[PDB]
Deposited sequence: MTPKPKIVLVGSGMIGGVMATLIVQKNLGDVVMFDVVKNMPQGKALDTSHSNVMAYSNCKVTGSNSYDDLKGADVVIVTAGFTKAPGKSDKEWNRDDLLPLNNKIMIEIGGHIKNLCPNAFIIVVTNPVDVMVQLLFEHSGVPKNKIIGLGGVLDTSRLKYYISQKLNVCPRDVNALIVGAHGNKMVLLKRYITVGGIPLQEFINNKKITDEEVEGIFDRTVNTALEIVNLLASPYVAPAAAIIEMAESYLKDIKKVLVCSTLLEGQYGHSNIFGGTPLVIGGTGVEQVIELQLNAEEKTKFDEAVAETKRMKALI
């Protein structure tokens, strides 16, 4: 009746994901983790917030992969984040495990992968779970551009959502920031540079800040989880309510940008049947070079698993 959202991974990102799912009355939630009491503690705390939010979403915790049965959405945040390339064979097992279960219990689910490096991890779980091309994507562009959009909006004093920006190729240090594609209220950013309301140095500074936003926060003695979770929930909500939002995520490339069996970030339309369109940007030569470097680094790491 009501959709079943399984969070495979109940860390700080899953915590905020469960909170936002209840806030929006989006579906019943299973908080899975391999740690033994944490998800049931979080699920109990979170269940109570149904009262304050006027919702009726069940939130239960679990340590059994069997609770994936009948999942409509699976969100995978589980995986190692230290004790750097060294983690890839480890996270490669976790994807083999999860994919095995996905294949048996919820072969028909919509999968969002978050585990980093996401463009590698989403492909491994693609192959081991056997779900179709248009039912599995990785978080990346929505998060990266949310930072880029926000930093520009603060310089120009406009509402953050009114800045549009495109970040493609791959999530991470090789992300492709497409300066040509930035608009403010639908207006090309270059018009604001011409108007001296923002300088090219400031734009390149903001690009560097964007690329390093995860590390900026970690140095402040915290970690990014609120913005990633809201980004994940935006993609999941576009699926569950058939909104067909144009969102940049990591999807299977079958020729686009000149690359053919790797995952990369590109604008997509997320609708009720899943990925409904893959939109190939008409990049010029400089950008295709930076895109090719982004894909190349995805294949560097993929050859090491």
Which runs of the deposited chain sequence never show up in the coordinates? 1-2, 86-94
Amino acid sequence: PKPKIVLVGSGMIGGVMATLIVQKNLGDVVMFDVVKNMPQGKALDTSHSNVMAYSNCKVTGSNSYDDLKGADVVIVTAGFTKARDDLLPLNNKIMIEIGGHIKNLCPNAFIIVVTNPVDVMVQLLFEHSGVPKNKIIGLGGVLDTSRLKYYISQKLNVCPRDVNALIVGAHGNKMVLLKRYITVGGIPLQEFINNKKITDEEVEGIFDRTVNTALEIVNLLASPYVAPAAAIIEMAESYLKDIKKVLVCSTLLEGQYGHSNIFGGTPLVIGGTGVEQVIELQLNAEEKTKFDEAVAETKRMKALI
From here on, numbers count along this sequence of modelled residues.
For the other entries of this protein included in the comparison (both sides of the residue modelled), is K82 absent in a third of them or more? yes
Residue range whose averaged C-alpha B-factor is higher in the record, 122-130 or 157-165: 122-130
When the Cα temperature factors in the entry are averaged, is it 187-195 or 74-82 that ends up higher? 74-82
Whose CA atom has the top B-factor in the entry, of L87, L148, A231, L178? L87
With respect to C-alpha B-factor, does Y239 fall in the lowest, middle or highest third of the chain as deposited? lowest
Ordered by C-alpha B-factor within the chain, which third holds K58? Give me lowest, middle or highest, please. lowest
Would you please rank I5 by its C-alpha temperature factor against the other modelled residues of its chain and give the third it falls in: lowest, middle or highest? middle
What third of the chain does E216 rank in for C-alpha temperature factor, lowest, middle or highest? middle
Within this chain, which third does the Cα B-factor at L283 fall in: lowest, middle or highest? middle
